[PDB]
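**Q** Going by the UniProt record's numbering, the letters in the first sequence line up with residues 4 to 117, 125 to 174, 183 to 978, in that order.
Beta carbons are placed, not taken as given, at the ideal position from N, Cα and C, and that holds for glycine.
Dropping the structure in here first, questions after.
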Amino acid sequence: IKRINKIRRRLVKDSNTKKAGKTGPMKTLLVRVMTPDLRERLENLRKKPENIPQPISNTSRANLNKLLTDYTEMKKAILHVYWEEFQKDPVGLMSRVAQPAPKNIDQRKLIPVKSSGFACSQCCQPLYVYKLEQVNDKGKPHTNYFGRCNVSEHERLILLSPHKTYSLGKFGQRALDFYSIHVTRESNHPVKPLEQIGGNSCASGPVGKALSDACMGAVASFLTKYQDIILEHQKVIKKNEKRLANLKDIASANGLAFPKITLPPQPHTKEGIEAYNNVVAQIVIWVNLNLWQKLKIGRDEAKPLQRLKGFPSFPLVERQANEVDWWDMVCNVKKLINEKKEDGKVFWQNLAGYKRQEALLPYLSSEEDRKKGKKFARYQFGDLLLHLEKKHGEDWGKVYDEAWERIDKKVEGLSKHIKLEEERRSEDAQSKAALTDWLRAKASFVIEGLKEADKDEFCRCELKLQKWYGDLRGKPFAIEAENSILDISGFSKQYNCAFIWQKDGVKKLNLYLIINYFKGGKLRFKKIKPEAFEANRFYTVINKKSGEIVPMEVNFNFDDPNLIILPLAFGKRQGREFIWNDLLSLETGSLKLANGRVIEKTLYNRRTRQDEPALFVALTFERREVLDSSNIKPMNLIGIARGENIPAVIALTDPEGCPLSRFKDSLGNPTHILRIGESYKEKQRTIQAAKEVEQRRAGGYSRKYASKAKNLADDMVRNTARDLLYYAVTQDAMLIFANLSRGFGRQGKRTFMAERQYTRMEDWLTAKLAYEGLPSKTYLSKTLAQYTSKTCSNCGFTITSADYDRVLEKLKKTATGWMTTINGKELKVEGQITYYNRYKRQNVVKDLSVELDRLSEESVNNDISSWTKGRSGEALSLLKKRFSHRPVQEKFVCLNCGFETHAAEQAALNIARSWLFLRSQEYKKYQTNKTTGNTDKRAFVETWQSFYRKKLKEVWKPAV
DNA sequence: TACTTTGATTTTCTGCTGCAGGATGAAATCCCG
DNA sequence: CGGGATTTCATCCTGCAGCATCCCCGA
RNA sequence: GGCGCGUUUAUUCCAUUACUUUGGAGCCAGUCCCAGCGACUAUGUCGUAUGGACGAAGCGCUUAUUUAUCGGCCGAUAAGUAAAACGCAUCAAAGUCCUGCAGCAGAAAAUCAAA
């Protein structure tokens with residue numbers, strides 16, 4: 004039976020247990036706080052439970068709300084202070100936040116710099139460089155670099171990273195002493211969040227220590243991203259200089275006038291980035307308008323400049339609160355439309371004959387628009403104008419007035435309907451979208467007469483109307499809520515937080531979470547004997563740094579007006595995982611509670627169809643006892659192929675490489691191929707289609723679809739990981755993946771991020787293995803991905819570009835038509851090719867022989883070598899498309915022997931066979947020969963094909 | 001021969017992945033009943 | 001004088017190996 | 001699309017704790033009232049269920065007052081109400097979180113240009 008927990012139990016029973024290292028694996032339990040609505044849900048059951056729990060009391064709710072608001076305000080204040088500090092002096096701050104080396108690395112410094127890369131801003135003295143050479147565990151020598159000062163107060167060892183000229187290398191959350199600056203009463207800093215925001219009501223210790231981490235973590239992350247990106251920006255600047263020079267030369271060679279603008283130096287703020295990107299945009303606009311379009315020059319010969327991307331913003335303080343009132347903007351648009359009425363009337367009425375047809379060309383819909391069931395407001399207004407012209411003749415003076423009156427009446431009706439709708443309870447997004455579209459159409463109609471008179475005022479009007487159109491269409495779907503976070507630094511007597519339980523029976527437990535963050539509250543811990551439990555008394559466990567577990571009795575008062583008491587809501591599965599686990603018991607110390615958080619975030623309520631705030635509790639657990647991996651030795655192989663249409667296709671093989679038919683398909687016949695994840699893409703496309711329909715109708719989709727794709731993707735990833743682990747454990751096999759880079763995936767036009775699940779599957783399988791204490795190499799391995807999907811599994815021949823080039827070279831004409839040979843096999847050049855005509859938006863079918871004859875109609879003796887570049891290019895494009903090894907995505911055809919099969923299954927088998935290849939002796943001789951500087955892929959392909967053919971002859975008997 | 005696609009830039013809103021920072025207890029003073 | 005409450009401090013171990021592989025192919 | 005009942009995901013032993021999701025099965029989808037869109041006899045008419053508003057959303061099992069049939073519900077058959085309690089439709093899986101940025105993609109609109 005395929006259960007993840009069953010596989011975990013089998014893994015546990017098969018090996019010994021050992022204590023974890025300094026830090027073990029971590030896992031988070033996310034539960035909900037028992038609120039009145041959950042109780043109401045519990046009271047509507049057909050079979051009512053015997054004991055319905057009490058919800059969170061009113062006093063706790065008030066305390067929690069106040070504390071959450073105060074915590075958010077203190078975070079904002081501290082972040083604003085450090086934003087000002089960074090904006091004043093970057094280098095000083097990022098030198099202050101750099102993490103010092105441990106005060107234990109006191110090996111003998113050997114060599115100073117052969125100097126002043128940075129400076130300790132505390133004393134404004136340079137940090138001199140000092141090296142230290144050592145050997146790693148793998149034998150590769152490594153030199154670390156450190157910065158030291160002659161100040162005794164600043165006699166530290168700040169880590170450094172060399173570049174080809184030094185960087186810092188690490189930013190810590192605790193390097194800067196936050197408590198002594200902002201929390202302690204002796205400090206003279208003008209900003210003291212606990213003393214000012216909270217009104218001296220919160221305990222200094224816990225709240226201050228939580229703020230320390232919460233703010234300095236974000237600051238350190240921003241500093242790391244900034245220092246990282248400031249180097250690739252330099253590389254891009256240097257690269258753009260050469261391209262600008264080359265394009266200037268090309269423009270000069272063709273006798274064109276290049277704009278006289280200069281690229282600014284490398285910027286270090288957001289305004290400089292915007293200026294540089296504006297210059298790049300102007301250059302690219304000119305290049306496209308004059309070089310690619312008019313002269314038909316290839317993009318490769320005239321390469322564009324590149325924008326600067328990835329510059330971070332300061333945390334939480336640079337957010338733009340684009341808060342605009344909707345009806346006010348509607349009124350402003352109406353006002354400015356009413357301003358220009360006379361100018362539009364004058365332009366339209368006094369217009370000439372033939373200029374009128376071109377004046378209203380953008381107002382006339384196309385045939386495709388008329389066919390697709392619905393038209394934009396512009397074309398509808400154009401149809402109205404045409405009918406009015408037919409009605410009144412050529413007297414456009416009356417036409418203008420009638421059109422204006424009709425548009426006003428329609429807009430007034432829409433406005434009245436929208437106001438009545440929003441008065442009661444309801445939102446009609448379609449009506450708002452229609453009103454915005456009709457306002458846009460009226461604005462265009464009025465202002466189109468100023469496109470040639472005053473381009474500055476016309477540009478101002480266009481900018482205003484464009485920004486207001488964007489804002490009006492985007493506001494009704496703008497989210498205004500944000501999560502609220504309350505942190506718990508740790509679970510020890512210091513931080514005044516407890517996770518308490520009554521000992522019902524011997525194993526049964528009651529459950530509360532207690533927070534004491536207000537002055538005056540009482541929460542007392544008392545040490546007791548290990549087995550001195552009593553009824554109606556709350557107990558907990560305290561974990562000591564030395565490995566000791568101290569059971570304590572926690573006593574307090576329920577009616578205390580300062581405490582926060584939270585009852586939790588969870589399921590059997592979560593309880594067996596964390597609270598009352600059979601093996602990982604937290605009373606024994608095998609499981610430890612690390613820290614926690616109280617979260618307020620939005621849940622979707624379908625009863626009211628709205629997002630509403632809700633309270634969650636997250637508790638992080640650390641595993642202290644893990645397994646021993648020294649005895650696991652898989653024997654067989656499972657090659658796994660990843661993709662989009664099918665998330666996983668797996669093939670099972672013996673140690674020799676021969677297929678093993680042990681899986682059962684739907685029909686029950688033995689097989690060696692399994693598919694995991696089918697019909698996932700179809701569901702994702704269905705969700706996307708629903709989203710697109712709503713987006714076209716109203717400009718955005720409802721909150722019902724907010725998290726559907728992510729939930730589906732998470733479900734697929736977790737279930738696929740379970741399936742892979744189950745097969746690997748039960749078949750005694752090692753899993754083999756392709757060596758795809760992190761973040762690998764297609765970045766095209768109709769691509770979606772929910773369909774890029776390669777690294778996610780990798781990470782989930784690795785983490786699931788890691789929680790038990792085993793390394794990734796125990797059950798998972800990677801191999802080179804080259805030529806795995808391009809090798810025939812029946813003959814061992816791999817197709818390459820050079821083969822296609824040589825086939826083009828040999829192709830000629832006999833009395834029967836075009837002919838060629840590959841590896842002594844004759845090819846009868848015939849058959850039709852159908853291509854997806856994008857301009858026609860259809861499928862166009864052509865005949866290869868006829869196309870080849872046409873290409874030979876302008877040529878004599880059919881000499882391919884005598885053709886131009888473009889003609890030969892079309893020739894090999896046609897031959898490649900007709901002789902492609904992958905005519906259809908899921909179908910593979912071998913060109914050398916005519917073998918046909920499924921591409922994914924063959925590639926899955928070839929992945930395992932390649933993993934076998936990498937540890938053969940042919941690869942050894944190839945590696946030895948490659949040391950002579952011969953960097954040729956051709957020899958690698960030779961070795962791969964030779965090994966594959968040898969093994970096919972020897973032991974891999976092909977299917978007959 | 002031409003209508004209809006495509007190239008570039010700008011405005012607004014949403015979601016999903018990717019990568020940084022993390023997953024604090026021990027000990028020393030100080031004050032107050 | 002003991003017990004809360006507040007303040008100060010400090011911790012770390014990892015690769016390597018070749019241009020393709022869910023891209024495809026295009027008026 | 002909407003409305004509800006809820007099972008299985010630990011072998012004696014572990015909170016039918018109640019959470020958040022992915023599946024299976026049950027029941028119900030009309031009205032131009034207001035808008036949107038399309039065709040025109042065109043400052044309106046007609047049509048169209050695109051969006052709001054209204055309306056729809058299991059079946060049995062046992063208990064006692066009234067009527068219809070005999071001596072005038074006591075004995076049974078149908079109709080009308082709240083509750084107690086069980087059964088069938090009807091069933092399998094998964095969960096490692098927080099903060100902060102960035103990058104891609106989706107959807108419209110505006111302008112210039114080419115073929």
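Please classify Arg-956 as buried or exposed, where buried requires at least 16 neighbouring CB atoms within 10 angstroms.
**A** Result: exposed.
**Q** Is it buried or exposed, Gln-702, if we count other Cβ atoms within 10 angstroms and call 16 or more buried?
**A** Result: buried.
**Q** Classify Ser-759: buried if its beta carbon has 16 or more other beta carbons within 10 angstroms, exposed otherwise.
**A** Exposed, by the Cβ-count rule.
**Q** Mind checking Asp-387: buried by the 16 CB within 10 Å criterion, or exposed?
**A** Exposed, by the Cβ-count rule.
**Q** DSSP on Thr-62, reduced to helix/strand/coil?
**A** Helix, per DSSP.
**Q** Would you tell me roughly how many angstroms separate the C-alpha atoms of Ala-23 and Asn-154, rounded to the nearest one?
**A** Answer to the nearest angstrom: the Cα atoms are 29 Å apart.
**Q** DSSP has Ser-126 in a bridge; who is on the other side?
**A** Per DSSP, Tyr-138.
**Q** Could you tell me if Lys-9 is buried or exposed, where buried requires 16 or more neighbouring beta carbons within 10 angstroms of its beta carbon?
**A** So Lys-9 counts as exposed.
**Q** For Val-524, does the count of other Cβ atoms within 10 angstroms reach 16, so buried, or fall short, so exposed?
**A** When all chains shown are included, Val-524 counts as exposed.
**Q** Between the Cα of residue 2 and those of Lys-314, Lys-846, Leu-323, spot the shortest distance and give me the residue it belongs to.
**A** Not covered by the structure: residue 2. The range shown for the chain is 4 to 978.
**Q** Could you check where the beta strand (DSSP E) with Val-616 kicks off and where it finishes?
**A** Run containing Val-616: 609-623, per the beta strand (DSSP E) assignment.
**Q** For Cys-133, count neighbouring C-beta atoms within 10 Å of its own C-beta (all shown protein chains included) and say buried if the count is 16 or more, exposed if not.
**A** Its Cβ having fewer than 16 others within 10 Å, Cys-133 is exposed.
**Q** Where does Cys-515 sit, in a helix, a strand or coil, going by DSSP?
**A** Of the three classes helix, strand and coil, the one that applies to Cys-515 here is strand, per DSSP.
**Q** So, are the CB atoms of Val-973 and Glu-674 less than 7 Å apart?
**A** Contact flag set, yes.
**Q** Between which two residues does the alpha helix (DSSP H) harbouring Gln-702 extend?
**A** Note, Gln-702: alpha helix (DSSP H), 698-716.
**Q** Report the rounded CA-to-CA distance for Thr-796 versus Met-752, giving the unit in angstroms.
**A** C-alpha separation (whole angstroms): 8 Å.
**Q** Determine the DSSP secondary structure at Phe-917, reduced to helix, strand or coil.
**A** DSSP places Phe-917 in coil when its eight states are reduced to three.
**Q** Please look up how many angstroms separate the CB atoms of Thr-818 and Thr-809, rounded, as I've assumed it's under 8 Å.
**A** Rounded, the Cβ-Cβ distance is 11 Å, inconsistent with contact.
**Q** Could you have a look at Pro-115 and say whether DSSP puts it in helix, strand or coil?
**A** Looking at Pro-115 - three-state DSSP - the assignment turns out to be strand.
**Q** Just to confirm, are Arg-740 and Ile-303 a CB contact at a threshold of 7 Å?
**A** Contact flag unset, no.
**Q** Give a yes or no on whether the C-beta atoms belonging to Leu-633 and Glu-618 are separated by under 7 Å.
**A** Closer than 7 Å, so yes.
**Q** Is the beta carbon of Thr-558 sitting closer than 7 Å to the one on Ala-612?
**A** It is not a contact, given that the beta carbons lie outside the stated cut-off.
**Q** Determine which residues share a DSSP beta bridge with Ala-632 and list them.
**A** In DSSP, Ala-632 forms a bridge with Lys-619.
**Q** Would you mind reading off the limits of the alpha helix (DSSP H) that contains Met-97?
**A** Where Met-97 is concerned, the enclosing alpha helix (DSSP H) stretches over 93-99.
**Q** DSSP three-state label for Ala-496, please.
**A** The answer is coil: DSSP assigns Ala-496 none of H, G, I, E or B.
**Q** Just the Cα atoms here: how many angstroms apart are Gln-375 and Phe-399?
**A** Those two C-alpha atoms are separated by around 15 Å.
**Q** Name the DSSP beta bridge partners of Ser-502, please?
**A** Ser-502 pairs with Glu-618.
**Q** Could you tell me which of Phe-588, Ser-877, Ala-727 sits nearest to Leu-41, measuring between CA atoms?
**A** Taking only the C-alpha atoms, the option nearest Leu-41 is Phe-588.
**Q** Are the CB atoms of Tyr-776 and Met-734 nearer to each other than 7 Å?
**A** It is not a contact, given that the beta carbons lie outside the stated cut-off.
**Q** Thinking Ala-636 and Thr-75 are a contact (beta carbons under 8 Å), I'd like their distance in whole angstroms, please.
**A** About 17 Å separates the two Cβ atoms, so there is no contact after all.
**Q** Cβ atoms of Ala-228 and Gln-191: under 7 Å apart, would you say?
**A** Result no, Cβ atoms of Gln-191 and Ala-228 do not sit closer than 7 Å.
**Q** When we look at the beta-carbon of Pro-665 and count the other beta-carbons within 10 Å, is it buried (16 or more) or exposed?
**A** Buried, because 16 or more other Cβ atoms sit within 10 Å of the Cβ of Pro-665.
**Q** Under DSSP, the beta strand (DSSP E) around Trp-836 begins and ends at which residues?
**A** Taken as a continuous stretch (DSSP letters only), the beta strand (DSSP E) holding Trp-836 covers 835-840.
**Q** Does DSSP put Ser-819 in a helix, a strand or coil?
**A** Helix, per DSSP.
**Q** Give me the DSSP bridge partner(s) of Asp-17.
**A** None, per the DSSP bridge assignment.
**Q** Could you check the C-alpha separation between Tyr-418 and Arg-715 for me, to the nearest Å?
**A** The alpha-carbon atoms of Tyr-418 and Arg-715 are separated by roughly 30 Å.
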